[PDB]
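# Understanding the architecture of this molecule
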Amino acid sequence: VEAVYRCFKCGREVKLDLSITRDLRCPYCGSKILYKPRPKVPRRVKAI
Amino acid sequence: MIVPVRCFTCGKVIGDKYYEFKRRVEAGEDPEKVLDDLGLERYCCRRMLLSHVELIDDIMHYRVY
Amino acid sequence: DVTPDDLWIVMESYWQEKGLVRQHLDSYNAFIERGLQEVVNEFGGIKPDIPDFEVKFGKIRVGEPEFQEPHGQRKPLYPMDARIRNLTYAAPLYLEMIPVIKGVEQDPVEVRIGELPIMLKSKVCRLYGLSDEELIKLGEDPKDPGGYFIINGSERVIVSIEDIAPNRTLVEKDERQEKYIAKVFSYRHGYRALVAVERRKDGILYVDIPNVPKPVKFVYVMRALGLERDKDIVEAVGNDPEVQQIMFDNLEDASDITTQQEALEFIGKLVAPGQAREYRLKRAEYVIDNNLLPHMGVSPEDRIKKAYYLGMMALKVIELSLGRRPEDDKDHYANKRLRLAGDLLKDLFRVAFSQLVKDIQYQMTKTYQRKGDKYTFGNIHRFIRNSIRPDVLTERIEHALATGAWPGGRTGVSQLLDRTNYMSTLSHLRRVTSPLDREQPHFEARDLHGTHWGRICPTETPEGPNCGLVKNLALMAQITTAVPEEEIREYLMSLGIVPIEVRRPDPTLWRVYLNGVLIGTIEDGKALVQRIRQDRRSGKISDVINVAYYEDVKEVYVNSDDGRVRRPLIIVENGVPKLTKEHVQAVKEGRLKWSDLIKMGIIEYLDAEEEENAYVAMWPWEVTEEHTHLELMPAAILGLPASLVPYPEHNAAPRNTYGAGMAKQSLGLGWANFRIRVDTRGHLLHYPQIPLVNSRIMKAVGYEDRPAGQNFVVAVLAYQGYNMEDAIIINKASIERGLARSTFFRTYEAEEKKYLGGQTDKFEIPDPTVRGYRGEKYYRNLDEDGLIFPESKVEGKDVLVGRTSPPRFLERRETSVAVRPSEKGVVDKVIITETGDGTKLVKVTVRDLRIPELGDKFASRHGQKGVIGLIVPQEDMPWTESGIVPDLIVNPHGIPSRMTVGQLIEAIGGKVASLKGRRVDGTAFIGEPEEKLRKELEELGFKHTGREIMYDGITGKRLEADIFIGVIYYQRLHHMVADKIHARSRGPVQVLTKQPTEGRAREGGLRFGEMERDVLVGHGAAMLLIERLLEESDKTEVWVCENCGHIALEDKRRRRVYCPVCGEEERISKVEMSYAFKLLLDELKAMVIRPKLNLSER
RNA sequence: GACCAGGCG
DNA sequence: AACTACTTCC
DNA sequence: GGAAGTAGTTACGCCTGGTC
Ligand SMILES: [Zn+2]
Ligand SMILES: [Zn+2]
Ligand SMILES: [Zn+2]
């Protein structure tokens, strides 16, 4: 399953599947750490 | 972090006055005179501007993405 | 003269040049530069069971921090990635091997013997010498001082240990047998030996050796150490006629029984009981060379020097017997040396390297025997490389750092670094601990000593068992790092000291001791001391050297060791301090640095020994010709959390201790790195503020850049009895506007564990067909990948990482990670990464907004702890004629019993600072006087007493009395009532005892201990005791055979109850008893005890 | 589950 | 460790 | 009677985390 992922050192998006890919790395700067991005959905917050 | 919008004690809005106070004080003017000119007479309001730390600049550098 | 405000500049320069963690960095840098090679030099080359082969050890080298990928190669590794991917921030360690084939040496081979963890900000770390922007780009706080390790992703700080000074003999009285005891802790290669001599009530001299089961007469040991002649022994021990007579009497009965050659055999009888005379001799000489005075040496050539040292110790114990000298104080800091990260790492590395050496010897012998000599000598490089097995050393070192259990009995050496705020982290990095057991009442060791002045904080110490035994360093304290002893010995010998071999000690001759061991003898020891300190001030002698003399007993002590806590002082000569105004101006303008002032001989470092010879003044106007030193800054004798307190000398000492301890628990922006940091728990005050009344030390250190707390408008009055008994009344409008608001962070971790046989677990949303499936509602926020989307509201028991594991029931089991049952929040951050072994790892961070409520703990810097007793609307709060509404109200009844005048002075100062627009200096002894503050408050248009006319909010009329009101810096502690409330109706139970589990995290039950049992009994409540202790914990029913009394057996398959011991079926009846008592019956029926039960009809 | 460390009253 | 109390060799 | 040995205890909860 293709999932949207964000690298650690650089903020530009990386695409892969964790279940298949044995090795996780940003193929641009070689960073092993990734951020699961915030979904583009509305969030309701009470201002109190 | 970032300057409080309102005085914690009496609710007077002091969010805008902080940058003016900072630049005027750095310019060398008397802090008491600057605070009087800005309109902060109660010492509760003067506490908010006098003791505030701009910590937003020091934490903006780390992103969560 | 020089104002104290001018000495403040010099002290600020001291703190600017050298950070607050310089002890850890200095010790670790010394360890890396010379310590590792020193250890490897102790560990001679490995000699295996090979005919003509042995390997020598070359030079230890430590590389950059790198991590070996499971399927890739050694990438560079940075501390953030090391502490996020749960790695250990270590570096490759390389050792050259010199093979000696038949007495000749071949070319070296470099092999990696393991990884060595790297302390942050040290000279080998990747963060060393980096600008603020570079550290920021690496995702690091530039304010972080380093000095700690990262082991398996957790930050470990090594706390210094307050041990007794090695190789220094101390004399004291037993007071039981009228025996004078003089003991020394001799150290050599990480091994301590407790050699003690003893003068008993009979006047005979006894010596104790740790591995000799029984004490031995002193003259026997003296003759065993090579002293053949009796008169030589008597001369060596002492020349004073009374001491001469004592030694003659002690030696006549020894020579009449045991001669020189007989002493070794006599020791051998006790050391090695039996008939093997040669084995007895071998054991006796082994315990002589190794187990008696190891610091002198282990070769037979060092036996004679052992004899001289033992004679000196005997002379000291005799002098104590004659009363010519006082008892040696054990709490005196001349007698205690700290053990730092460098030396502790040295010992741990020594143990690990011994393990590795033995392992490599075994591997070499095995491989040589099990493939002969085909390629062992054909290609020796592969033979060495394949026999390395480097994981042993790194596993040992990493385990020791992670658990904190050092080799030997030492425990708790490495502790988890506190990251609650800036103050807590820095104070933990500046902490000192004692090895004594906290349970015992060490009255002499738990009290403040006069030698602690300027070395240990007098007020910062925990309450309870650790009081006095856990200490924090004063801000002026500096801990030495050892200089090479041989150069110091050579210089001292060149100064005119003649070794004891040529000239024997005499009453009219000064005994010189270097590093606690006697080196020689000189006349006019005062001249030698003066020459030493003049040379040190001239710069030709290193800073670390310290020297003192004692006119009472004519002894000159020279110290050059490591772990001495020192303080800086201004040298005063002929009534004029060396520091002048032009020096202060040069320091202020940046032309001169602290190291420069130390090198010119303007400022001196003194430990307790040298300070004993000093006559220190405290103020520049107090200097007279008789003074030797001047205090740089008396306010620097406090610790860092203790320096947070303003006006600390107007408070009672217990309240200062409370405030210093509570300063480390406040909420604030501890580190700007918090957003991307993965930590188990953390807090963040939304609007930190600078204390209006603050010490200058707090700005110099850097606390202003990371403040923790806010300035409140505090009125001291009693209001509706809701602030009674140290309770606090707070304003609802102030809370709703952001006062004391905070956010709580928790980071949950889930690893995709790889079991044996390829049976892995999977990150996925489990189907309801899996075993242990939770409700389908608990997976509401999960994504198809198996991870919860960020910024999604998560409440208690909702899962964050859906996970299923291979079945092990006797379908896939579920092992998903959910939030703790009592914790809610919003998912702030979800990261995915790879472990050290290569498995997927995910960290999820949940943030919970904590608005203050009833029960949350608030504290001031003056030790006034309290919880919110009420939250009052603004329209109900009283107000002042100037329009000032309190943000907080404190009962006046807490003021006089605690005697915290400093809090009232701080309120006055805060009001004055707010009115002036300039912050008030509240330094310990040079801060603004209270009289000046009162006069200024009077001139600003307010009452000088600080009392103001207030009106009651409820009724509208002014209060009869004038209310004291001001601005006090209150801090919110992390003891929130949401993190402590617990309630358990019924839940899980322990398997062994069937009683409720323990802990808030696992639905535990509260322990109704035996004290509460006695309380219930004293009330006469018998049925309530039954209900609380039997029905509600472990009530069960058992079958008892009335004929035998054993426990009958019930066959659920055959539907029968019977006693296997006797085969009865009719005399069987139920009894009701706690499951713990049935378990007790089981453990009593074990170890062969028969608890026969007799039953009664009720 | 037991060991250590740190706190709280 | 630092207390007591036995025990038990002397 | 010593004079050593030996054994037996040394407040009550509670919370947190970290490693086995
Ligand atoms: Zn990248
Ligand atoms: Zn206000
Ligand atoms: Zn029976």
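Residues numbered from 1 in each chain as written, not as in the entry; some residues may be left out. Chains lettered and ligands numbered in written order. Part of a larger assembly, values for the part shown. Heavy atoms only, no water.

Looking at the entry header, you'll see cryo-EM listed as the method and 3.1 Å as the resolution.

Cross-referencing UniProt, the feature "binding site: Zn(2+)" maps to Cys7(B), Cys10(B), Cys44(B) and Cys45(B) in the present numbering. A stretch of 39 residues holds the annotated residues, and the largest C-alpha distance among them is 7.8 Å, short enough that they meet in one place. Within the secondary structure, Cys7(B) is located in the segment before α1 (17–26). Excluding its chain neighbours within four sequence positions, the residues that come into contact with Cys7(B) are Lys12(B), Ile14(B), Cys44(B), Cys45(B), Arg47(B), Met48(B) and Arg737(C). Within the fold, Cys44(B) resides in helix α3 (residues 43–50). Not counting the four nearest positions on each side in its chain, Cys44(B) is found in contact with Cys7(B), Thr9(B), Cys10(B), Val713(C) and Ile884(C). (UniProt positions renumbered as here; feature names shortened; annotations may be inferred. Helix = DSSP H or I, 4+ residues; strand = E, 2+ residues; numbered from the N terminus. Contact = heavy atoms within 4.5 Å.)

Residue and element names in this part refer to chain B. With distances of 2.3 Å, the protein atoms coordinating the zinc ion (ligand 2) are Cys7 (SG), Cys10 (SG), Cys44 (SG) and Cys45 (SG). Given four donor atoms and angles of 100 to 114° at the metal, the environment of the zinc ion (ligand 2) is assigned as tetrahedral. All donors to the zinc ion (ligand 2) come from one chain, and their sequence spacing reads C-x2-C-x33-C-C. Here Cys45 lies in helix α3 and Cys7 lies in the segment before α1, a separation of 38 residues in the sequence. The pair formed by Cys7 and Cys45 is uniform in burial state, with each residue classed as buried. (Donors = N, O, S within 2.8 Å, 3.2 Å for Na, K, Ca; no water. Tetrahedral: all angles 85-135°; square planar, octahedral: opposite > 155°, others 65-115°. Buried < 20%, exposed > 50% of the residue type's maximum accessible area, 1.4 Å probe, protein only.)

Residues and elements named next belong to chain C. If you trace the backbone, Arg280 turns up in helix α9 (residues 277–289). As a buried residue without a salt bridge, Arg280 has its nearest oppositely charged side chain in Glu265, at a separation of 6.3 Å. Not counting residues within four places of it along the chain, the set of residues in contact with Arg280 comprises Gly268, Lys269, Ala272, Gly274 and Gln275. (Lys, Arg positive; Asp, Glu negative; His and termini not counted. Salt bridge = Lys/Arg side-chain N within 4 Å of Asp/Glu carboxyl O.)

All names here are of chain C. With respect to topology, three strands assemble into an open sheet ordered β35-β38-β39, the strand pairing being antiparallel. For this open sheet the edge positions go to β35 (762–763) and β39 (813–814), each flanked by a neighbour on one side alone. Looking at chain direction, β35 and strand β38 (residues 803–805) are connected through two bridges and run antiparallel. Along β38, the bridge assignment pairs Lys762 with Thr804. (Pairing = 2+ DSSP bridges.)

Residues and elements named next belong to chain C. Tracing the sequence through the fold places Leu416 in strand β16 (residues 414–416). Note: C-alpha distance between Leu416 and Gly702 (286 residues apart in sequence) is 23 Å. Residues in contact with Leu416, not counting those within four places in the same chain, are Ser154, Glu155, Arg156, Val157 and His428.

Moving on: the sheet that holds strand β23 (residues 546–550) of chain C. Residue and element names in this part refer to chain C. The sheet built from five strands is open, its strands ordered β20-β22-β21-β24-β23 with mixed pairing. Each edge of the sheet is formed by a strand with only one pairing partner; in this case those strands are β20 (498–499) and β23. Along the sheet, helix α15 (residues 485–494) contacts β20, β21 (510–514), β22 (517–522) and β24 (555–559); its crossing angle with β21, the most-contacted strand, is approximately 160°. Packing against the sheet, helix α16 (residues 525–538) makes contact with β21, β22, β23 and β24, and its axis sits at approximately 160° to β23. (Axes fitted to C-alpha atoms, helices over the stretch in contact; angles between N-to-C directions.)

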